[PDB]
C-alpha cells in the first residue's frame, strides 16, 4: 500500500524529522506526525526509517509476535547509560534479552507479588508517619518526592533489601532518568563534542557507584548465609546465576539498577496524576471511599482484597488511559512482514503511540475523564496501558497491586487537595521519553488533610 509521511528531500527529509524529535521531544513529535499525516506513517531518526503508529490493529500485531521483541536507540547513548545489551528495558540483543527477562518475570509475580501488597502498605504508612520530611511551612506536601521515596523503599525491601540512603538515591535515579531520556536518540555527531554530554555521564556514574556499594554488601551477606534457599530474592537469583556461568557481573549489576529505578520512574508519576484526578473528581473519590469501607473496614490491606476493589481498578485504568505517563512504546522489526497492508522491512524502527490510540479507537467518551469508559469490559486488544506479549511490561501485574495498595492506604487516611486551580490538564508537561510534569515549574504540591 506504500507509506504515508513527509518527503525525502534528497537527504533533508531525515534531517528535519530527527531535528523535530530533538526539539519537540519523542512524545509530542509522535503526536504531531500522527495528526498531520496518518495514524500509520514514516519518519527518520538518524539514518533508520522509523514508523510511528497509533492504529490498534498494528499495535496488536506488533506486540503479539516474537519478531518485534526488540527496541531501538542510539548505541552510543545506550552504552553511556549502561543499557546497551545489558539490562532488559533497552536490551536489544534478542538472545541476551531472552535469557535475562525470566529473572524479572519471576520476581514480579508469584509469592513476590503477594508480599508486595503488604510491603507497599507498610512503606507508605512509615512515610505518612513522617510527613515532616516532605511538608511545607504552609502545609504543602511534595507528593512527587514522597511517592518516589516509598516506591524506592518498596522495590528495595522486595528485590534487594540492603539498607540505603533513600533521599540521595531518589535524586540520583532522577539524574539517571534524565541522562537516559537525553541521550536515547541523540545522533552520533552529538557524542563527538564531549562537554555536551559529560553532564549526563556523571549522573550515570553517580547512581551506578551508589548501587555498587549496595551490590557489594549484598554479595557479602550471600557468601555467608544461614542457608540461602530460605530467603531468595531478585538480586540473589541473579548473583547465583552469575556464580553458575549464566550471567555476566556487569549484566547482573545493570539488572539490579533497572529493577530499582522502574517503580520510582513510572509508578510515582502515575500515582501523582492519579492523586490530582482524585482531588478534582469528588464523586469518583466517594465511590472509592465507600468501596474501601465495604471491602476493607479498618483491617490491613491483604492480597484477597485487591480483586474486590473494582471501582479503584477502573479508576486506575481510566487515569492511565486519559492521563498516561508511558504513552509510547519503542520497538524494532526483526523479520520482514506485512502489517495492515504496509510492508515492514526488518531493521525498521517502530513507535507505538498508545496514548493517542486510547483516544481514537474503542472508548465511548475518549476525550474526557470518566469511569463510564470502563462500565463495560474492555477487550485489551483496544487498551494496552502496559503492553502485552513476549515483551510487554514485565511488571504489569505487580504494578496494579502496588497502585491499589498505596492508593488505598493513602486515601484511607487523607483527603487530598490541589493548590489553586491546578489539575492534570493545567499541569505543564514534558512530553519526551515519557509524559511527566516539568518540575522546574511549581504549584505541583498538594495538601493532605486528615479523615474523621
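Under this definition, the rigid core comprises the largest set of C-alpha atoms superposing within 1.5 Å between the forms. Positions refer to the first chain, counted from 1.
The stretch that strays farther, by root mean square C-alpha distance over structures and residues in 6 other deposited structures of this protein after a rigid core fit, is 227 to 235, when 171 to 179 is set against 227 to 235. As the entry records it, the average C-alpha temperature factor is higher for 341 to 349, out of 341 to 349 and 83 to 91. In this crystal structure, the stretch out of 30 to 38 and 386 to 394 whose C-alpha atoms carry the higher mean B factor is 30 to 38. When the C-alpha B factors of 329, 189, 256, 150 are read from the deposited coordinates, the top value falls at 189.
Set against one another, the Cα B-factors of 299, 71, 172, 101 in the record reach their highest point at 299. Compared with the other modelled residues of the chain, the Cα B-factor recorded for residue 310 ranks in the highest third.
Compared with the other modelled residues of the chain, the Cα B-factor recorded for residue 374 ranks in the middle third. Sort the modelled residues of the chain by CA B factor and residue 271 lands in the lowest third. For residue 224, the recorded CA B-factor ranks within the highest third of the chain. Only modelled residues enter the ranking. Looking at the C-alpha B-factors along this chain, the one for residue 293 belongs to the highest third.
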